[PDB]
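This is upload-v7.txt. It holds compact mmCIF, C-alpha atoms.
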# COMPACT_ATOMS: atom_id res chain seq x y z
CA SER M 2 98.85 130.21 106.41
CA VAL M 3 101.87 132.14 105.01
CA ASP M 4 102.38 130.47 101.62
CA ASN M 5 105.90 129.38 100.69
CA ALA M 6 107.15 127.71 97.50
CA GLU M 7 109.08 125.23 99.65
CA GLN M 8 105.72 123.68 100.53
CA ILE M 9 104.66 122.79 96.95
CA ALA M 10 107.21 119.98 96.77
CA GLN M 11 106.00 118.92 100.22
CA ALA M 12 102.26 118.77 99.54
CA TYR M 13 103.05 116.84 96.39
CA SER M 14 105.27 114.20 98.05
CA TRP M 15 102.61 113.90 100.74
CA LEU M 16 100.01 113.48 98.00
CA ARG M 17 102.32 110.96 96.33
CA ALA M 18 102.11 108.71 99.38
CA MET M 19 98.37 109.22 99.72
CA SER M 20 98.04 108.28 96.04
CA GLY M 21 99.71 104.91 96.59
CA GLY M 22 103.32 105.65 95.67
CA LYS M 23 103.15 107.61 92.41
CA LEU M 24 101.70 110.73 90.88
CA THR M 25 100.21 110.88 87.42
CA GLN M 26 100.81 113.90 85.22
CA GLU M 27 97.03 114.31 85.46
CA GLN M 28 97.26 114.97 89.21
CA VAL M 29 100.24 117.34 88.87
CA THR M 30 98.67 119.27 86.00
CA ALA M 31 95.41 119.47 87.95
CA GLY M 32 97.10 120.59 91.16
CA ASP M 33 99.33 123.17 89.46
CA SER M 34 96.18 124.52 87.86
CA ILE M 35 94.55 124.76 91.29
CA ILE M 36 97.64 126.38 92.78
CA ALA M 37 97.80 128.99 89.97
CA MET M 38 94.06 129.50 90.15
CA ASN M 39 93.06 129.29 93.81
CA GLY M 40 96.31 129.53 95.79
CA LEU M 41 98.54 126.99 97.51
CA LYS M 42 96.18 126.80 100.48
CA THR M 43 93.23 125.54 98.44
CA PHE M 44 95.44 122.80 96.99
CA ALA M 45 96.70 121.73 100.41
CA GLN M 46 93.27 121.89 101.97
CA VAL M 47 91.30 119.79 99.51
CA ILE M 48 93.77 116.89 99.75
CA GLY M 49 93.90 117.08 103.54
CA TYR M 50 97.49 118.27 103.76
CA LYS M 51 97.93 120.32 106.97
CA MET M 52 101.20 122.19 106.45
CA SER M 53 103.54 122.22 109.46
CA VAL M 56 108.50 123.28 114.96
CA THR M 57 108.53 119.66 116.06
CA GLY M 58 111.49 119.67 118.40
CA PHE M 59 111.66 115.92 118.54
CA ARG M 60 114.34 114.67 116.24
CA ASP M 61 115.26 115.22 112.64
CA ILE M 62 115.99 112.76 109.86
CA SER M 63 119.67 111.97 110.41
CA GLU M 64 122.15 111.59 107.57
CA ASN M 65 121.74 107.80 107.72
CA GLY M 66 117.96 108.03 107.55
CA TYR M 67 118.45 110.00 104.33
CA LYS M 68 120.91 107.34 103.17
CA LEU M 69 118.34 104.56 102.92
CA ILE M 70 115.63 106.95 101.69
CA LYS M 71 118.11 107.90 98.96
CA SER M 72 118.76 104.21 98.40
CA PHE M 73 115.17 103.43 97.47
CA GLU M 74 114.42 106.47 95.38
CA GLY M 75 117.40 105.99 93.15
CA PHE M 76 119.74 108.67 91.90
CA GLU M 77 118.93 110.05 88.50
CA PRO M 78 121.31 112.80 87.35
CA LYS M 79 119.12 113.77 84.38
CA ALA M 80 115.41 114.51 84.22
CA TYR M 81 113.40 111.45 83.14
CA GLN M 82 109.68 110.78 82.58
CA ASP M 83 108.44 108.59 85.45
CA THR M 84 105.98 105.69 85.27
CA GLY M 85 103.10 108.14 85.79
CA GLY M 86 104.47 110.50 83.13
CA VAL M 87 105.78 113.24 85.44
CA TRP M 88 109.25 114.58 84.68
CA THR M 89 111.47 113.64 87.62
CA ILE M 90 115.11 114.09 88.68
CA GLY M 91 117.53 113.26 91.50
CA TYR M 92 115.94 111.29 94.33
CA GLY M 93 112.30 111.38 93.21
CA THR M 94 112.10 115.18 92.99
CA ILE M 95 109.40 116.75 90.80
CA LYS M 96 109.28 120.26 92.38
CA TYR M 97 112.34 122.31 93.26
CA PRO M 98 112.22 124.24 96.57
CA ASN M 99 111.32 127.35 94.54
CA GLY M 100 108.10 125.73 93.31
CA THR M 101 109.22 125.36 89.68
CA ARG M 102 108.72 122.03 87.95
CA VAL M 103 111.32 119.51 86.92
CA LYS M 104 111.38 119.59 83.14
CA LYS M 105 112.91 117.72 80.20
CA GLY M 106 116.55 118.83 80.00
CA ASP M 107 117.26 119.37 83.71
CA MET M 108 120.51 117.94 85.17
CA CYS M 109 121.84 117.65 88.72
CA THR M 110 124.58 116.35 91.05
CA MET M 111 124.15 114.18 94.14
CA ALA M 112 124.70 117.12 96.44
CA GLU M 113 122.05 119.09 94.57
CA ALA M 114 119.62 116.16 94.56
CA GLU M 115 120.00 115.48 98.26
CA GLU M 116 119.22 119.14 98.99
CA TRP M 117 115.90 118.91 97.11
CA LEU M 118 115.19 115.56 98.79
CA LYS M 119 115.41 117.13 102.25
CA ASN M 120 112.81 119.66 101.20
CA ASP M 121 110.74 116.84 99.61
CA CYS M 122 110.70 114.99 102.97
CA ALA M 123 110.33 117.94 105.31
CA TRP M 124 106.77 117.02 106.28
CA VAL M 125 107.66 113.53 107.52
CA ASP M 126 108.93 114.44 111.00
CA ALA M 127 105.90 116.62 111.76
CA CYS M 128 103.69 113.71 110.74
CA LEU M 129 105.76 111.30 112.82
CA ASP M 130 105.38 113.58 115.76
CA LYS M 131 101.63 113.72 115.87
CA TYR M 132 101.03 110.02 115.70
CA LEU M 133 103.82 109.09 118.08
CA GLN M 136 107.16 108.50 122.80
CA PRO M 137 110.47 109.98 121.61
CA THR M 138 112.07 107.15 119.64
CA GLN M 139 115.58 108.58 120.10
CA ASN M 140 117.04 108.60 116.64
CA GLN M 141 115.86 105.35 115.24
CA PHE M 142 112.79 106.84 113.71
CA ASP M 143 115.02 107.12 110.61
CA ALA M 144 113.37 103.81 109.69
CA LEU M 145 109.91 105.19 110.51
CA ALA M 146 110.53 108.34 108.47
CA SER M 147 111.49 106.19 105.51
CA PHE M 148 108.29 104.26 106.26
CA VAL M 149 105.82 107.16 106.51
CA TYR M 150 107.37 108.98 103.55
CA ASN M 151 106.74 105.85 101.50
CA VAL M 152 103.37 104.83 102.88
CA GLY M 153 101.64 108.08 103.80
CA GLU M 154 99.91 109.79 106.71
CA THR M 155 96.54 108.04 106.48
CA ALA M 156 98.20 104.63 106.07
CA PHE M 157 100.34 105.16 109.17
CA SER M 158 97.35 106.32 111.24
CA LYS M 159 95.36 103.12 110.54
CA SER M 160 98.29 100.72 110.87
CA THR M 161 98.41 97.81 113.26
CA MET M 162 102.08 98.82 113.21
CA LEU M 163 101.11 102.05 114.98
CA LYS M 164 99.16 100.11 117.57
CA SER M 165 102.25 98.33 118.81
CA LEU M 166 104.15 101.60 118.79
CA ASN M 167 102.13 103.44 121.40
CA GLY M 169 104.71 99.66 123.24
CA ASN M 170 105.53 96.35 121.59
CA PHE M 171 108.46 97.49 119.51
CA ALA M 172 109.08 93.99 118.36
CA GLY M 173 105.82 93.52 116.60
CA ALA M 174 106.23 96.90 114.92
CA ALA M 175 109.60 95.64 113.66
CA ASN M 176 107.85 92.60 112.25
CA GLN M 177 105.02 94.74 110.87
CA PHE M 178 107.34 96.36 108.29
CA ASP M 179 107.46 92.98 106.54
CA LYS M 180 103.69 92.78 105.93
CA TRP M 181 103.67 95.94 103.79
CA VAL M 182 105.02 94.36 100.67
CA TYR M 183 101.88 93.92 98.74
CA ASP M 184 100.66 96.29 96.08
CA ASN M 185 97.65 95.53 93.87
CA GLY M 186 97.29 92.16 95.60
CA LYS M 187 100.80 91.30 94.35
CA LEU M 188 104.07 90.92 96.22
CA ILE M 189 106.72 93.47 95.27
CA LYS M 190 110.39 92.54 95.56
CA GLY M 191 111.45 96.16 96.03
CA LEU M 192 109.00 96.52 98.89
CA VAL M 193 110.20 93.54 100.93
CA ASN M 194 113.69 94.62 99.94
CA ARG M 195 112.76 98.10 101.21
CA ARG M 196 110.76 96.73 104.17
CA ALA M 197 113.73 94.56 105.09
CA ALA M 198 116.10 97.54 105.24
CA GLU M 199 113.59 99.48 107.36
CA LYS M 200 112.96 96.50 109.63
CA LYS M 201 116.72 95.96 109.95
CA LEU M 202 117.49 99.63 110.48
CA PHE M 203 114.65 99.56 113.05
CA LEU M 204 117.20 97.58 115.16
CA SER M 205 120.20 99.83 115.93
CA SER R 2 84.84 113.39 80.73
CA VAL R 3 81.15 114.47 80.53
CA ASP R 4 80.63 116.18 83.90
CA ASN R 5 77.57 115.20 85.93
CA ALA R 6 76.41 116.50 89.32
CA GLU R 7 75.83 112.90 90.41
CA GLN R 8 79.61 112.55 90.54
CA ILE R 9 80.26 115.32 93.12
CA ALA R 10 78.80 113.21 95.93
CA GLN R 11 80.89 110.33 94.58
CA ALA R 12 84.28 112.04 94.43
CA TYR R 13 83.63 113.33 97.92
CA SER R 14 82.75 109.95 99.47
CA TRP R 15 85.79 108.54 97.69
CA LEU R 16 87.85 111.39 99.14
CA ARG R 17 86.25 110.69 102.53
CA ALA R 18 87.75 107.20 102.53
CA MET R 19 91.09 108.43 101.27
CA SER R 20 91.06 111.01 104.07
CA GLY R 21 90.74 108.34 106.75
CA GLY R 22 86.98 108.24 107.32
CA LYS R 23 85.91 111.88 107.60
CA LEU R 24 85.93 115.14 105.72
CA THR R 25 86.65 118.48 107.32
CA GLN R 26 84.70 121.55 106.27
CA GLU R 27 88.10 122.82 105.14
CA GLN R 28 88.33 120.07 102.50
CA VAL R 29 84.72 120.53 101.33
CA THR R 30 85.02 124.32 101.15
CA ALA R 31 88.33 123.94 99.29
CA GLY R 32 86.95 121.37 96.85
CA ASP R 33 83.72 123.27 96.16
CA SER R 34 85.91 126.28 95.44
CA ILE R 35 87.95 124.20 92.99
CA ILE R 36 84.81 122.79 91.39
CA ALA R 37 83.30 126.28 90.94
CA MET R 38 86.62 127.64 89.77
CA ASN R 39 88.26 124.94 87.66
CA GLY R 40 85.53 122.40 86.92
CA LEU R 41 84.62 119.00 88.36
CA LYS R 42 87.39 117.32 86.38
CA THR R 43 90.18 119.31 88.04
CA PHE R 44 88.79 118.37 91.45
CA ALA R 45 88.59 114.68 90.57
CA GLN R 46 91.99 114.65 88.94
CA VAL R 47 94.08 116.23 91.68
CA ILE R 48 92.80 113.77 94.30
CA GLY R 49 93.29 110.78 92.00
CA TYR R 50 89.61 110.01 91.56
CA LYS R 51 89.10 108.31 88.16
CA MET R 52 85.35 108.57 87.54
CA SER R 53 83.70 105.40 86.20
CA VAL R 56 79.74 99.87 83.09
CA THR R 57 81.12 97.18 85.37
CA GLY R 58 78.79 94.32 84.54
CA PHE R 59 79.91 92.29 87.49
CA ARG R 60 77.43 92.61 90.28
CA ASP R 61 75.76 95.46 92.07
CA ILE R 62 75.41 96.21 95.76
CA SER R 63 72.36 94.15 96.73
CA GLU R 64 69.69 95.40 99.10
CA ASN R 65 71.36 93.53 101.98
CA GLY R 66 74.75 95.04 101.22
CA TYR R 67 73.06 98.43 101.58
CA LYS R 68 71.47 97.21 104.80
CA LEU R 69 74.74 96.88 106.71
CA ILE R 70 76.22 99.96 105.02
CA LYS R 71 73.13 101.80 106.27
CA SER R 72 73.66 100.18 109.67
CA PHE R 73 77.07 101.74 110.18
CA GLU R 74 76.38 105.17 108.81
CA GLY R 75 73.38 105.72 111.00
CA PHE R 76 70.10 107.28 109.99
CA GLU R 77 69.79 110.96 110.70
CA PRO R 78 66.46 112.45 109.58
CA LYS R 79 67.63 116.05 110.12
CA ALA R 80 70.80 117.78 108.96
CA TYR R 81 73.49 117.79 111.66
CA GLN R 82 77.05 119.14 111.86
CA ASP R 83 79.44 116.17 111.75
CA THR R 84 82.66 115.68 113.73
CA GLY R 85 84.60 117.45 110.96
CA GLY R 86 82.07 120.30 110.84
CA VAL R 87 80.35 119.38 107.56
CA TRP R 88 76.56 119.51 107.54
CA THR R 89 75.34 115.94 107.00
CA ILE R 90 72.01 114.10 106.69
CA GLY R 91 70.55 110.63 106.16
CA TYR R 92 73.18 107.92 105.83
CA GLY R 93 76.33 110.07 105.75
CA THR R 94 75.20 112.20 102.80
CA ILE R 95 76.78 115.64 102.32
CA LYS R 96 76.01 116.17 98.59
CA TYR R 97 72.65 115.47 96.99
CA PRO R 98 72.71 113.83 93.53
CA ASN R 99 72.14 117.30 92.04
CA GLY R 100 75.44 118.55 93.47
CA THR R 101 73.88 120.89 96.04
CA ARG R 102 75.15 120.79 99.61
CA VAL R 103 73.40 119.48 102.68
CA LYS R 104 72.64 122.53 104.80
CA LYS R 105 71.32 123.43 108.24
CA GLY R 106 67.55 122.93 108.13
CA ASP R 107 67.37 120.00 105.69
CA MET R 108 65.10 117.03 106.58
CA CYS R 109 64.60 113.60 105.01
CA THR R 110 62.91 110.18 105.20
CA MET R 111 64.58 106.77 105.09
CA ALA R 112 63.50 106.21 101.51
CA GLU R 113 64.97 109.57 100.54
CA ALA R 114 68.19 108.93 102.46
CA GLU R 115 68.72 105.50 100.94
CA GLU R 116 68.35 107.01 97.46
CA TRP R 117 71.18 109.50 98.13
CA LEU R 118 73.24 106.73 99.73
CA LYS R 119 73.13 104.67 96.52
CA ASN R 120 74.51 107.64 94.64
CA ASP R 121 77.08 108.19 97.44
CA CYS R 122 78.33 104.59 96.98
CA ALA R 123 78.11 104.32 93.22
CA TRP R 124 81.88 104.27 92.76
CA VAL R 125 82.44 101.24 95.00
CA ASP R 126 81.58 98.49 92.51
CA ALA R 127 83.80 99.98 89.79
CA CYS R 128 86.63 100.09 92.31
CA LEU R 129 85.89 96.52 93.41
CA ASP R 130 86.01 95.44 89.83
CA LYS R 131 89.45 96.68 88.99
CA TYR R 132 91.21 95.16 91.95
CA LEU R 133 89.36 91.87 91.81
CA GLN R 136 87.31 86.68 90.18
CA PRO R 137 83.53 87.26 90.27
CA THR R 138 82.65 86.90 93.95
CA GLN R 139 79.01 86.07 93.15
CA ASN R 140 77.03 88.36 95.38
CA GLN R 141 78.95 88.25 98.58
CA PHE R 142 81.03 91.25 97.72
CA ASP R 143 78.32 93.11 99.67
CA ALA R 144 80.79 92.76 102.55
CA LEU R 145 83.67 93.94 100.36
CA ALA R 146 81.68 96.94 99.12
CA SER R 147 80.99 97.91 102.71
CA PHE R 148 84.73 97.41 103.25
CA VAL R 149 86.10 99.48 100.34
CA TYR R 150 83.53 102.25 100.86
CA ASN R 151 84.78 102.53 104.43
CA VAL R 152 88.49 102.04 103.86
CA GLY R 153 89.18 103.51 100.42
CA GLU R 154 90.72 102.61 97.08
CA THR R 155 94.39 103.04 98.01
CA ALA R 156 93.91 101.11 101.27
CA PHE R 157 92.31 98.18 99.45
CA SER R 158 95.05 98.11 96.80
CA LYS R 159 97.84 97.73 99.41
CA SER R 160 95.99 95.29 101.66
CA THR R 161 97.28 91.89 102.64
CA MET R 162 93.53 91.21 102.51
CA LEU R 163 93.67 91.73 98.74
CA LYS R 164 96.58 89.35 98.46
CA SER R 165 94.53 86.43 99.72
CA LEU R 166 91.68 87.44 97.45
CA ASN R 167 93.40 86.95 94.13
CA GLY R 169 92.60 82.73 96.56
CA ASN R 170 92.66 82.13 100.30
CA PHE R 171 89.19 83.38 101.10
CA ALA R 172 89.57 82.35 104.67
CA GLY R 173 92.44 84.61 105.47
CA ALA R 174 90.63 87.50 103.81
CA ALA R 175 87.71 86.76 106.13
CA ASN R 176 90.09 86.95 109.07
CA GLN R 177 91.76 90.07 107.64
CA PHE R 178 88.60 92.16 108.24
CA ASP R 179 89.31 91.84 111.96
CA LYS R 180 92.76 93.48 111.80
CA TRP R 181 91.34 96.78 110.50
CA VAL R 182 90.07 98.03 113.79
CA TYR R 183 92.78 100.40 114.69
CA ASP R 184 92.65 104.12 114.10
CA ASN R 185 95.29 106.51 115.44
CA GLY R 186 97.05 103.57 117.09
CA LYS R 187 93.87 102.97 119.12
CA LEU R 188 91.30 100.19 118.93
CA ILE R 189 87.83 101.35 117.90
CA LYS R 190 84.79 99.42 119.13
CA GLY R 191 82.68 100.50 116.16
CA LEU R 192 85.34 99.21 113.79
CA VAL R 193 85.59 95.69 115.22
CA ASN R 194 81.82 95.86 115.55
CA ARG R 195 81.75 96.88 111.87
CA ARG R 196 84.58 94.51 110.91
CA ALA R 197 82.72 91.69 112.65
CA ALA R 198 79.56 92.27 110.60
CA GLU R 199 81.62 92.38 107.39
CA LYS R 200 83.59 89.29 108.36
CA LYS R 201 80.35 87.50 109.27
CA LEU R 202 78.51 88.66 106.17
CA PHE R 203 81.62 87.51 104.25
CA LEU R 204 80.29 83.99 105.08
CA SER R 205 76.90 83.50 103.37
Represent the structure from my file as structure tokens, please.
Amino acid sequence: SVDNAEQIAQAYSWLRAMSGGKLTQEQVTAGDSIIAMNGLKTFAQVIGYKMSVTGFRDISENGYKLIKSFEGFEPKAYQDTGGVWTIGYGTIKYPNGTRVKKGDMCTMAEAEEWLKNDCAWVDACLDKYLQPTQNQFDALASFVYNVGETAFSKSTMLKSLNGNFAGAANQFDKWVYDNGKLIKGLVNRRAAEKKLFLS
Amino acid sequence: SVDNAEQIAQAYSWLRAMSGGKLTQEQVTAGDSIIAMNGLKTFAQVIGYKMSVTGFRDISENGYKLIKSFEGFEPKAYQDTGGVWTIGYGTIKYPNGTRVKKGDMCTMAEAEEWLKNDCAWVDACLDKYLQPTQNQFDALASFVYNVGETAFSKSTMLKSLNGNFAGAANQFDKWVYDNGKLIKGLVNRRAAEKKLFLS
């Protein structure tokens, strides 16, 4: 409703998961055009992003640790696989809505700030599809932020959540395929989310 | 590149799968605004829809039969769960880009025409992620049209495709959950795609 530049980075990282893990410069250029032209709400609405209050738990420092681990610190802006300029821990939009560009530089304490804004939709999403999971949804937050809202809502992994927590823990492992192929980073990532799923 | 009104219905049914099985009037109103404002290409680009030539096989009449079976014939326009006016076999945009509206009426031969346009992205999608599967991808086409491009590209079901065709056939069954819940229509649907997966 009330537009805020904070939410641009959020819609985009939500879109990034719905687009299978990456954005193309085509998407970003299209969506920035929409945002300039129609307003942030039209952008969020057409993709299905319902901007979010959830007094359930927040991503703890350790949750951010593994999230950080998989994104990979980049202290200078670099052109990603899709062609979008990117910096820090996967950040393409600063909290003030401006774009990462060629030349930008950061520190880890800067980059983790932008990452918290990047991720700030994950707990709201986790809330609507889930029992309070104390504070070991830090593995789930890393999971939904990687895999996306629609993916989580259709998952057999969600079935065993709401209460076989042991099959959920084994479900992390199955999500390692991309494009029919097995991805070492994913099982590596899946492993660390499965393992962190066990306090 | 060259815009065509045919492709509006296609981007939307592709978006419908990426949005977890339904569109809200919010999405449609947003996307029609974008299309009027920025052009069809900006709409397709921001959602990740790469409009498609694939001389591999086409959805046979029987493939359309089960697709028809699950959509459900509606000879008069009706407001869907999401609030979008809908007619025939799940059609919300006619091939000329105009919207289904309150008052519209059809026949089965009309509705199956619009359905073929609705689905005309499925075979291109099937081509890029897949071996020629003779003409028993009529179960896969019904699968991808329901479940969406990103879903198919991350599926363990795709892993066994490219060649354990027997685990694929059993994979259909697992996709029955939505929102953590089991859906009778889905296993019903999954069943008929699993079974049709065996000539």
Worksheet item: Quick one, how far is atom CA of residue 102 of chain M from atom CA of residue 67 of chain M?
Response: 22.5 Å
I'd like a table as a Markdown table: residues in chain R with an atom no more than 7 Å from chain M, each row giving the shortest atom pair and its distance in Å to one decimal, all atoms listed in the file counted, sorted by chain and rising residue number.
| residue | atom | partner | partner_atom | distance |
| --- | --- | --- | --- | --- |
| R:20 | CA | M:155 | CA | 6.7 |
| R:21 | CA | M:155 | CA | 5.8 |
| R:27 | CA | M:46 | CA | 6.1 |
| R:28 | CA | M:47 | CA | 4.2 |
| R:29 | CA | M:47 | CA | 6.9 |
| R:31 | CA | M:47 | CA | 5.1 |
| R:32 | CA | M:47 | CA | 5.3 |
| R:35 | CA | M:35 | CA | 6.8 |
| R:43 | CA | M:31 | CA | 5.2 |
| R:46 | CA | M:28 | CA | 5.3 |
| R:47 | CA | M:28 | CA | 4.2 |
| R:48 | CA | M:48 | CA | 6.4 |
| R:49 | CA | M:28 | CA | 6.4 |
| R:132 | CA | M:185 | CA | 6.7 |
| R:155 | CA | M:21 | CA | 5.8 |
| R:158 | CA | M:185 | CA | 4.7 |
| R:159 | CA | M:184 | CA | 4.6 |
| R:160 | CA | M:183 | CA | 6.7 |
| R:161 | CA | M:183 | CA | 6.4 |
| R:163 | CA | M:186 | CA | 4.8 |
| R:164 | CA | M:186 | CA | 4.1 |
| R:167 | CA | M:186 | CA | 6.7 |
| R:183 | CA | M:159 | CA | 5.6 |
| R:184 | CA | M:159 | CA | 4.6 |
| R:185 | CA | M:158 | CA | 4.7 |
| R:186 | CA | M:164 | CA | 4.1 |
| R:187 | CA | M:164 | CA | 6.2 |
Item to complete: Considering all atoms listed in the file, return as a ChimeraX atom specification whatever protein or nucleic-acid residues lie within 12 Å of residue 119 of chain R, sequence-local ones (same chain, fewer than 3 positions apart) excluded.
Response: /R:7-8,10-11,14,61-64,66-68,70-71,91-94,97-98,112-116,122-126,146,150
Worksheet item: Which one of M:173, M:100, M:75, M:58 sits closest to residue 137 of chain M if you count only C-alpha atoms?
Response: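 Of all the options, M:58 lies closest to residue 137 of chain M.
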Fill in: Å distance separating atom CA of residue 88 of chain M from atom CA of residue 72 of chain M, one decimal place
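Computing it gives 19.7 Å between the two atoms.
Taking atom CA of residue 83 of chain M as the reference point, atom CA of residue 37 of chain M is found at 23.4 Å.
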Fill in: Among listed residues R:149, R:3, R:175, R:90, nearest residue 197 of chain R (using all atoms listed in the file)
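Among the listed residues, the smallest separation from residue 197 of chain R belongs to R:175.
Residues lying within 6 Å of (115.5, 114.3, 85.1). Counted over only C-alpha atoms, they are residues 79, 80, 81, 89, 90 and 107 of chain M.
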